[PDB]
Amino acid sequence: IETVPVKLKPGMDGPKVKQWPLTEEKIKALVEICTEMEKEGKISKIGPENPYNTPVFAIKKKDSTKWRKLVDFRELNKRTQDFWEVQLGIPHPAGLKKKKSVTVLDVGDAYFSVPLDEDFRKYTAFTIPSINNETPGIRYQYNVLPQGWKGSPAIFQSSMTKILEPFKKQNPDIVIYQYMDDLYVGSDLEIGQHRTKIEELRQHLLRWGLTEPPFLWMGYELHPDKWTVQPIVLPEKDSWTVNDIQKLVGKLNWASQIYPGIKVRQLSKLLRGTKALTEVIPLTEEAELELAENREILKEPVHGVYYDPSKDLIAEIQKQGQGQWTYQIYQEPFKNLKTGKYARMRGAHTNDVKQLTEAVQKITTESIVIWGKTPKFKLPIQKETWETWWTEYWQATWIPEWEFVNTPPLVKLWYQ
Amino acid sequence: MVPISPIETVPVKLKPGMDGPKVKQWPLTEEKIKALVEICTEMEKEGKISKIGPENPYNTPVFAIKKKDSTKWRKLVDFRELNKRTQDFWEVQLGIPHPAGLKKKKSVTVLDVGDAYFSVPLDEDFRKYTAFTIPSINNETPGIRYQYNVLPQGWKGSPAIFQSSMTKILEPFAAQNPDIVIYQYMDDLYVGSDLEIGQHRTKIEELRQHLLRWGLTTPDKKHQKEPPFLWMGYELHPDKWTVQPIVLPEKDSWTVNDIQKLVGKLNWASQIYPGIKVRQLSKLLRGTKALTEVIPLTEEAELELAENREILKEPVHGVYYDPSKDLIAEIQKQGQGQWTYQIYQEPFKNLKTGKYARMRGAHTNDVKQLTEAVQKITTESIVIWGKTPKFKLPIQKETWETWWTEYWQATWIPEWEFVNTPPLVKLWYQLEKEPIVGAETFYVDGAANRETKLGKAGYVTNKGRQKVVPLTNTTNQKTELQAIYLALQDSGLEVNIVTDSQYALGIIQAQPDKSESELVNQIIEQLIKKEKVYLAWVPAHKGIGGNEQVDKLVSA
Ligand SMILES: Cc1cc(/C=C/C#N)cc(C)c1Nc1ccnc(Nc2ccc(C#N)cc2)n1
Ligand SMILES: [Mg+2]
C-alpha cells in the first residue's frame, strides 16, 4: 500500500527499445486488455515528455484461448537496481528438482495489487502500435508492479510469504519457489492429491484477492524427478568398418577434452595402411581393451564441475533431425551441468522454428527449477529467421537471452 | 463569451545536470533592431511572448533576416543551444505510413490548424529558458527582454508537443466517428472517408465544431490542397498511389556522388516499379567515398542502367489495401544475389513491389537468400498490413523439403506455393549420409609454411592412387581446400573423401552454391558433377591410416 523506492543502476538511463511489428490480432488483443487495465488504474496514458519504451506483445499460455499481455522487460531488468535490502536473496531450493510433481502457476496478477514508486513509473513506458503507423501509438506506463519486471516478485515477496504462510505451516513438505510471474509448487503426493493441494493453494490467493485473475486457474505440470540426462555412449558392434572406427576415434578425441584418461592409440592402430571406408576391420584384443577402458571412464562423472551463482549459465542446442534436439547447459566449456534430448516437440511436425522455440522454453524451465535462473542460449538459427517468428510460438511469461550460431559445429555428431 | 477548454500543458525538463542556455546576443544594425521591435510588439500583442524583468539569467540569440525579393524582415530565434539542453521526447512520426497500407477513400479534406498551434501553451516552469534580448538602439538602454508563452518554432519539443496535444483533442472525435480517418502532417489535418459528399462535409463541419471547444479555429475558405497530395516522396490519389516522378539524368561521365544519388532514386522507385536492379551500380561505390571522384561505368553497370531506364519509361501506380482480401507475395530470382517481389490482392494489381540483395559474406546459397527475402517481406508486411502474405515462390516443394529437413539450422518459411517461373531455385549437390560401397576412398591433406608461404596439397587412396602438388603463396586453409579439390578432380562419379580439415568441413557443411573464394567455387563445380560424395572428418595427428600418410607427404 506504501511504495518501495526503486532506482536504476548508477549512470544508467531508462530503456529506449523499439517496439517490433505486431500482427493485427495481437494489436486488437492488446487494445482490449489495456483499455481494461487503464479502467482498473493499473496503467495510465503518458505524454511526449516520456521518451522511454519497452516492447510489448501478446501470447497464449499453454492450453488457453485467452490472450495475455507480455512485456519484454529484458532491458529494464538489466538496468534496474538489485534488491538485497531486506534479504541478501532467497537461497534457491535444491529440493524442488527432486519432487515427483511440480506445478507451475501464473501468479502475476497478484502484483497489480501493489503500487509502483511514482518516480520509477516512467521507465515502464510502452506503446501499442497501429497497423502501418496510421494512428499514433497508444502510450502507457504502469502505476502498479508490472508482470515480467524483476522488481515485482522482489517487492511483492513479503506479501507472498504472508499469504502462503498458513498453507506452508499446514504442508511443511511442499516446496514453493517463486520466479518472476511463476509459482513452482512441488510435492511427492499422488497426482490426484497433488492437484487438490494446488487448488487449495489457488484458493488462498483467490481468498486474498477478494480482500479475478485470468490465468491463475491454469496449471503446467512437471515431473522433474523423471527428467533424463544424456551420458556419452559408444557403439557396441560386431562388425566395425574403417568408417565406424574413424567416427569412434573422432568421438573419443572429443571426449578426451572432457575426460582425462581417454586413449585412442590402439584403436587408431587398427586402421594402419590406407583402407576403403567400408572395409570391415576386426578389433584386436588391445583395441577391445582400450575401448572397454574408455567406456568405463565415460560412466563416471566429469571432474571439477560446480555451479557458481555469480556466473551465467549457457545453453547450446543442436537440431538432430526427425524432430529431435539435443542440448547442454554449462558455465565453463567442457563442464556440463546438464545435458538432455527431446523428441516430443508438440504440434510442430513441419516447423523447425516452432520446435526450437518449444525447446528453448523447456530448457529455460529446467534451468529455473535447478538453479533459479535462465540460461543464455546459443541457437542454431539465423538471427533474422528467429526474430521474425519466435513470438508466434512463445507461451512463457519470462524471456531468456540468446545469441546465434552461424557456423555448423562438429559437436552435433557426438551427441547424435 | 463561450468558455473553452484549456489545452493541457506538457511538463518539460532540461537534460539531467544541464542548466539553460546563456548565449550572447550578436550586434545588429539599427535597421534590424527596429524591425525586430515591431515584430515582437505584434507577437506580444498576440500573447506569444511576454516582456520579462532583469532577473532571468538565460539567453538565446535573435537575428533579423531579409525575406527574399521583399522589403520585409523576419525574425529568427536561434534555439540550437537550448535544443542541446532540452530533454528527449517521444517522437510519434518516426515510422511513416506506407501508401500501400492505406485504404481507398472517396473524399479527403485538408484543414489548416496552424493557428491552433498557438493555443498550445509552453510549460510555465520552462518558459524562462526561452528568454531572448533585442539589443537596444546605439546600446544606450537595456535591451528588451522577452520569453515565450507558446511552443517556439525551431525548439526541440515543439513538433512532439503540438502533435500530442492535437491527438489528445482529436481522439474522442475519431473514436466516435469510426467511418473517417484523420491524419496530421505539419500544420494540416487530413480527413478521409467513403461517405457521400454531403455527409462527408457534415463530418468536417462537426470536426470544426469539436475543435472550437478548445477555441481552435480553422479557415472557412477551404484549403487549396486537394488530391493528389505530394507527401514524403509519394503522390497520393483517392484510389491509387505512386512515387513522385523518377528522372534519371543523362551524363557523359559519373562521379561517386552522381552514382549515390542514382542508386537512391532507383531504391525509392523499386517500391512500385517492378524489377529495378542496383547491384552493378552499387558495386561501383565499393570502398571509396571521395564524392567528386569520377567512376567509369562498367559494361555491366551500363546494362543495368539501361534496363532501369526501360522500366521507368512511364508511370506505374499501386492500389490501396482491401482488408477483406488475402495478400499475395511473389518473388523472382534476378541473378547476382538480387531478388525482386510484388505484393498484390487481385492479379495484376500490385499494392507494392520491392527488392532484396544478398548479404555480404564468404559463402552463400540461393535457398538461404530466398529464405532471407521471405523474412524481409514478412516483416515488411506485418508493419504495413498487420499480416503475412501467402507466398508464391520459384522453388519446388520437394526441394524445400529436402533442404530444411537436412540443414543443420532450424529454418522455416510460412505458407507458400510453388510458381514455375524460371530461374528456379534448386539444390545443386547433396552429400551422402553414409560411406559409398565400391567407391574409391581418397585421404586428403595440405600444409603450408607460414613464413615462405610454400605448401603442398594431395591425396592417397585405397587403390594406391596418389598425388602431391607443390604450391606457392598459400596457407594451411587454402592447401586443405586444394587437397579436396584434387580428390574431386581425380576421382570417378562416386567418391569417399577423408579430411582432417575442420575449416573445410565448416564450409562444406554450410552447403554453399557460390563463394567469394575461387577455390571454393571450383570445389562446388566439382560437387555438382558428381553422382555421390561422402565427406568424412577425422582428427589430425592421431595415427589414422591414410590420413597419416598424406599428412607426411604434404608437411615435408
Ligand atoms: C496517412 C495519411 C496521409 C494523408 C495525406 C498526406 C498528405 N499530404 C492523408 C490521410 C487521410 C492519411 N491517413 C489515411 C489512413 C487510411 N487510409 C488513408 N487513405 C488515403 C489517404 C489519402 C488519399 C488521397 N488522395 C487516399 C487514401 N489515409
Ligand atoms: Mg596435416
Side-chain angles (χ1 to χ4, degrees), chain A residues 6 8 12-23 25-46 50-61 64 66-81 83 106-117 120-130 137-156 178-183 213-216 357 360-361 364 368 374 387 390-402, chain B residues 90:
Chain A
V6 190
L8 301 171
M12 291 194 195
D13 197 6
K16 286 182 184 183
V17 184
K18 293 185 173 182
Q19 176 60 54
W20 59 72
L22 298 181
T23 57
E25 66 178 359
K26 286 184 188 70
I27 291 170
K28 176 182 173 305
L30 283 170
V31 162
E32 295 180 46
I33 290 164
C34 288
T35 292
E36 290 313 287
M37 287 178 79
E38 183 187 2
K39 292 179 186 167
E40 290 158 349
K42 296 177 181 166
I43 60 181
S44 290
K45 300 277 186 74
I46 59 178
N50 180 331
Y52 303 111
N53 198 62
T54 288
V56 62
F57 67 120
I59 64 169
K60 297 198 163 161
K61 291 180 57 216
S64 152
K66 186 165 172 177
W67 288 101
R68 187 192 194 274
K69 177 185 197 284
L70 183 48
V71 182
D72 174 10
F73 283 122
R74 285 176 291 174
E75 190 63 33
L76 181 62
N77 286 344
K78 293 173 208 182
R79 287 176 187 259
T80 295
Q81 76 180 41
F83 295 88
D106 185 2
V107 293
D109 186 75
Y111 302 157
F112 295 150
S113 65
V114 173
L116 181 65
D117 178 16
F120 198 76
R121 295 181 187 180
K122 63 181 107 163
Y123 301 128
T124 69
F126 65 96
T127 317
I128 308 180
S130 65
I138 309 164
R139 296 272 290 162
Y140 292 105
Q141 72 189 11
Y142 276 85
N143 299 318
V144 298
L145 302 179
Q147 291 181 141
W149 179 53
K150 72 152 169 176
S152 299
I155 292 171
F156 189 77
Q178 184 170 18
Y179 181 79
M180 305 293 299
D181 299 351
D182 288 352
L183 198 65
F215 306 107
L216 177 50
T357 309
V360 166
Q361 289 172 94
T364 299
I368 289 161
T374 65
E387 300 295 347
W390 69 269
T391 64
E392 286 293 301
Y393 316 121
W394 200 257
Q395 303 206 258
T397 63
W398 33 253
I399 312 168
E401 305 286 347
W402 47 63
Chain B
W90 192 245

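In what follows, chains are A, B, ... by sequence order, proteins preceding strands, each numbered from 1.
A salt bridge does not link A:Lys122 with A:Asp117: none of the charged nitrogens is closer than 4.0 Å to a carboxylate oxygen. Salt-bridge formation is not detected for the pair A:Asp13/A:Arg79: no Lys NZ or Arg NE/NH1/NH2 atom is positioned less than 4.0 Å from an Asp or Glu carboxylate oxygen. The residues A:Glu392 and A:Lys26 are annotated as salt-bridged, a charged nitrogen and a carboxylate oxygen being separated by less than 4.0 angstrom. Look at A:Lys28 and A:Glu25 and you find no salt bridge, because none of the NZ, NE, NH1 or NH2 atoms lies under 4.0 Å from a carboxylate O. No salt bridge links A:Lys42 with A:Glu38; every basic N to acidic carboxylate O contact stays at or beyond 4.0 Å.
Residues A:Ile27 and A:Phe57 fail the side-chain proximity criterion, which asks for heavy atoms closer than 4.5 Å. The closest side-chain heavy-atom distance from A:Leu116 to A:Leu145 is below 4.5 Å. Side-chain contact between A:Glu75 and A:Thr54 is absent, with no heavy-atom pair separated by less than 4.5 Å. Put simply, the side chain of A:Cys34 does not reach to within 4.5 Å of the side chain of A:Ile138, judged on heavy atoms. Using a 4.5 Å heavy-atom threshold, the side chains of A:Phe156 and A:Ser113 count as touching. The shortest distance between side-chain heavy atoms of A:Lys78 and A:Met12 does not fall below 4.5 Å. Between A:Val360 and A:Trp394, the closest side-chain pair of non-hydrogen atoms falls below 4.5 Å. Between A:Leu70 and A:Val56 there is no side-chain heavy-atom pair separated by less than 4.5 Å.
Here the options are A:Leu76, A:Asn143, A:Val144, the test is side-chain contact (heavy atoms from CB on, under 4.5 Å), and the partner is A:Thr124; only A:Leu76 passes.
No donor-acceptor distance shorter than 3.5 angstrom exists from the side chain of A:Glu36 to the backbone of A:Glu32, with no hydrogens or angles considered. Within the 3.5 Å criterion, the main-chain N or O of A:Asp109 finds a donor-acceptor partner in the side chain of A:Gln147. A:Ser64 places no side-chain N or O within donor-acceptor distance of the main-chain N or O of A:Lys60, the cut-off being under 3.5 Å. A:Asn53 contributes a side-chain N or O that, together with a main-chain N or O of A:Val17, makes up a donor-acceptor pair within less than 3.5 Å. A:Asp181 places a side-chain N or O within 3.5 Å of a backbone atom of A:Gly148 that can act as its donor or acceptor partner. Between the side chain of A:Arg139 and the main chain of B:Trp90, no donor-acceptor pair closer than 3.5 Å is present. Side chain of A:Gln141 to main chain of A:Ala125: no donor-acceptor pair is present (N/O by atom type, distance under 3.5 Å, no hydrogens or angles).
Between A:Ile155 atom CD1 and A:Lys150 atom NZ the span is 11.0 Å, to the nearest 0.5 Å.
Between the side chains of A:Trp149 and A:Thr80, a donor-acceptor pair is found at a separation under 3.5 Å.
In this structure, A:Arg74 forms a cation-pi arrangement with A:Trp402, its terminal cationic atom sitting closer than 6.0 Å to the ring centre and no more than 45° off the ring axis.
With ring centers used as reference points, A:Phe73 lies 6.0 Å or more from A:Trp398.
Residues passing the ring-ring contact (aromatic ring centres under 6.0 Å, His included) test with A:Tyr52 are A:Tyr123, sequence neighbours excluded.
For A:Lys18, the NZ atom sits in a loose shell: 12 or fewer heavy atoms of surrounding residues, nucleotides or ligands are nearer than 6.0 Å.
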